[PDB]
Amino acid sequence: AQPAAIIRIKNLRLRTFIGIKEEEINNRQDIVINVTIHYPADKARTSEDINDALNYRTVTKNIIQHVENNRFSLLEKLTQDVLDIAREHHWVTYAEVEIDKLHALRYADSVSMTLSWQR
């Protein structure tokens, strides 16, 4: 086998302040967050036996909480904060986070920033 269980939180849609421009700081913007988390496949089947358990519900709760109650200057800062929150649990082997800033550029669907973490 390939001992890596992958958890995907697809299209978490939130709104928050990103940017320094008058408008950007005055109105919330639409962003789409996608999180990919890797962790040992054996501990996965163990999810119910032990309570250290990685809870995607908690990861999401935290991300939502942190994003909605803050103002951000750069996409980079935001993407990092969420990455840190995703790889917080000690089972996390690898974690990746992509954030789409919807309609940030005119004539394009979005621009996204993706950051990852190893070990």
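Start at 1 and count along the sequence shown; that's the residue number.
With reference to the PDB entry, specify whether the mean Cα temperature factor is higher for 105 to 113 or for 20 to 28.
-> According to the PDB entry, the answer is 20 to 28.
On average, are the C-alpha B-factors higher in 39 to 47 or in 79 to 87?
-> On average, C-alpha B-factors are higher across 39 to 47.
C-alpha B-factor winner, where the candidates are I63, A53, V92, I33 | Of the options given, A53 has the highest CA B-factor in the PDB entry.
Lowest, middle or highest third: where is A5 by Cα B-factor in its chain?
-> According to the entry, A5 has a C-alpha B-factor in the chain's middle third.
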